[PDB]
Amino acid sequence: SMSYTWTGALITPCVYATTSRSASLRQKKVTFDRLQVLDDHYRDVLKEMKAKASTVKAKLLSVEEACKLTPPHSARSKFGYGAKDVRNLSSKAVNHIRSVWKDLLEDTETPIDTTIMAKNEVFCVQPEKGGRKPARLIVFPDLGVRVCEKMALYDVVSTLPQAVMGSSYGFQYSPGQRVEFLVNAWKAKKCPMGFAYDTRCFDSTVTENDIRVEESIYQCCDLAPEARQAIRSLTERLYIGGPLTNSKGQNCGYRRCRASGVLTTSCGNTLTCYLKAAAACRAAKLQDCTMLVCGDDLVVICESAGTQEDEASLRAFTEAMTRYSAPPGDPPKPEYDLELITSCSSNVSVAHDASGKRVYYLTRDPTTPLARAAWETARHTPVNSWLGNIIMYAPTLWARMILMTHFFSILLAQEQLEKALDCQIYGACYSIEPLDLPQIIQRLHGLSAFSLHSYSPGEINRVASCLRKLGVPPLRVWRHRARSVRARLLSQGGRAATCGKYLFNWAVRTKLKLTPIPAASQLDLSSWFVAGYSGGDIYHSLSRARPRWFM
């Protein structure tokens, strides 16, 4: 069947930001008929995945628990209430949610309406290789249905992927745990070879059968009967397909592929990618495979069979993936150094700590993070990508010297250090105070993140070249700026002084010996690095348990 069908009504609006003007270019790429052919390897991997899914017990969330997961700025319902009414448990919001729930239990077939919109994302236009990227498309159901998805499946999508895929499930790892996983897998091989597999338009390649197979895995959970019915109904009425409405309420067409804005998008994509890849590893006869899967992002680390054999085994892997309806965007390439593998737009790099010991960390090309940060300092945005980049890339030369320095000078000037800001981590929205960054960083990356040095020449050159290309002042200017920012933070005491001392320890002549922050252990990071929720409409406010009067 066609991934999409269009009436011709426009997908209307809600260095460069992607807009609805380029929607038709995206529409052409994502629209095609899928041909899928399954074999014994696919069926064998599925049964192995289902036997692991069988150990899961999932709970039904109450209306109140599902309401508390709704982001404050989540799109309002077309039925007379918004995200604020949902979070306050208003009678109208609650009544509508309960009637949506009852309808899921009673109607097993009527397709559920979804809205289609062009995503507005900021990218950097490099006129050296190609042109501007067209806008990605987001498909999501009404707020009432989104609350019902949480009741039925929040616990499933938060627990099942790790039970099924084990150590291969990428969203269970903090950045440092991800690096540790890749380094350990790489070290385990006699002669390692690794590759990234990029599927072309993954969401469009997801067939009706893929979506039913994904439900067959969910149905292996111990579930309340109403959760079992809601999952069955949601599969047939929403997850397999349905009609598309634009922002103006006009009929845009229909979808028979993965919706990008549903609670099961990340979990479904991860299970589907893992299934197809593990089966393709068997068809290609790759030896001692270790996989790392995050949605449609796949990394494979295996035992090398020789340079020519590896190229042939990769073409065999690609042929199997293509039969399973996961054709490649860029053809995969074997790599023989772990640092050369780009996965989830990141690569492993190495630095030294204050005692000269090697420390592995995750980094990336800083062009898109700096360009998005420039857009965010220019205009008020709903999500602060600079904040998520500081958190996730805290050990990097660029996040430390440029992002920390720039945003802490802005927060000092606006006197907004204590103001909680929204940022996205693995698709979920987190409300975080910048004053909590040293404790967050210590927990996610270790105390060494504040003392890294001896960065590689390749990493230093990539950062310096990026600054020149974007017209950003050189690294020496950032050191001078950080010294002043640090001095002002220290004078304020409490958490603000800790930002100065820890975040900007790199900027001082004679480096201070840093001891662990005692209040760091109090931060409740239990919802962090458990699962992926991209497009799942998930929110959490950062909480602190068992505080001490003097901390």
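The first residue of the sequence shown is number 1, and the count goes up from there. For clarity, a rigid core is taken as the largest C-alpha set superposing within 1.5 Å between two forms.
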Legend entry - Which of 476 to 484 and 420 to 428 lies farther from this form in 9 other deposited structures of this protein, as RMS of C-alpha positions after a rigid core fit: 420 to 428
Legend entry - Gap at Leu10 across at least one third of the other PDB entries: no
Inset, instruction - If the chain runs straight from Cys14 to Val15, say none; otherwise bin the unmodelled deposited residues as 1 to 3, 4 to 9, or 10 or more. - result: 10 or more
Inset, instruction - Mind pulling up the entry and telling me whether 181 to 189 or 423 to 431 has the higher mean Cα temperature factor? - result: 181 to 189
Legend entry - Residue range whose averaged C-alpha B-factor is higher in the record, 117 to 125 or 157 to 165: 117 to 125
Inset, instruction - In terms of CA temperature factor as recorded, identify the highest of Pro334, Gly458, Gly241, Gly144. - result: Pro334
Inset, instruction - Please work out which residue in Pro71, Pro438, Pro327, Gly268 has the highest C-alpha B-factor recorded for this crystal structure. - result: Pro327
Inset, instruction - Among all modelled residues of this chain, ranked by Cα B factor, put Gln414 in the bottom, middle or top third, i.e. lowest, middle or highest. - result: highest
Inset, instruction - Would you check the entry's CA temperature factor for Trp375 and let me know if it's in the chain's lowest, middle or highest third? - result: highest
Inset, instruction - Could you say whether, by C-alpha temperature factor, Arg481 belongs to the lowest, middle or highest third of its chain? - result: lowest
Inset, instruction - Determine, from the deposited record, the chain-internal third of the Cα B-factor for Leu61: lowest, middle or highest. - result: middle
Inset, instruction - Can you work out whether the C-alpha temperature factor of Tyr533 puts it in the lowest, middle or highest third of the chain? - result: lowest
